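Enclosed are the sequence and the experimentally obtained structure.
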Amino acid sequence: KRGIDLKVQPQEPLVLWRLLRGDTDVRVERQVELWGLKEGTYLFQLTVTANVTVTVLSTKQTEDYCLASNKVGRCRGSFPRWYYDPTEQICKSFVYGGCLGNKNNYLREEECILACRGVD
Ligand SMILES: [K+]
């Protein structure tokens, strides 16, 4: 499986395994619960193999991942995607053109929720 990179708001238990690289000492407890994550990046190997990285967003990056307008972009494709609407504080679906969009653009609603739940 190709790696995943999850952007998330800091949250002491992150609800979704072995840590390969983290700025801090995470603890993973089995859904799973990630404890101790701080602003920054973490890399895990998942086996029953795959890469999972978790980027705990800064407020500055949160502007890009949550506060930016949805962006169809220049291409004429049709990709169902998700963006966060901070005005209404909810994840909405939109059709993405497939290129040159911005960071407020998630493949899965759950990923949008993780990236932006609680942002205004
Ligand atoms: K989805």
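Right, received. Where do you want to start? Numbering: from 1, shown residues only.

what about the longest helix in this structure?
Assignment by DSSP state H gives helix 109-116 as the longest helix of the chain.

I'd like the distance from the helix or strand hosting residue 53 to the chain centre, please.
Secondary structure assignment for residue 53, by DSSP states H and E: strand 50-56. In this view, strand 50-56 has its centroid 9 Å away from the chain centroid, taken as Cα atoms, centre = their mean, to the nearest Å.

which residue ranges form the strands in the chain?
In the chain, the strands defined using DSSP state E lie at 4-8, 13-15, 18-22, 27-29, 33-35, 40-46, 50-56, 79-85, 90-96.

if you compare the ones you listed, which one is most tucked away?
When the strands of the chain are scored by mean count of other Cβ atoms under 10 Å, the highest mean neighbour count falls to strand 79-85 (a mean of 20). C-beta here means a position set from N, CA and C on the backbone, and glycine is covered the same way.

now that one and helix 109-116, what's the angle there?
30 degrees (axes from the mean of the first three to the mean of the last three Cα atoms, to 10 degrees).

quick one: contacts of strand 79-85?
By Cβ atoms under 8 Å, 6 or more residues apart in numbering, the surrounding residues in contact with strand 79-85 are 65-67, 70, 90-98, 101, 104-109, 111-112, 115-116, 119.

Stretch 56-75 now?
With Cβ under 8 Å, 6+ apart, stretch 56-75 has contacts from 7-10, 37-42, 83-84, 86, 92, 94-105, 115-116, 119.

gap between the two ends of it?
Stretch 56-75 has its terminal residues 30 Å apart, counting by Cα to Cα, to the nearest Å.
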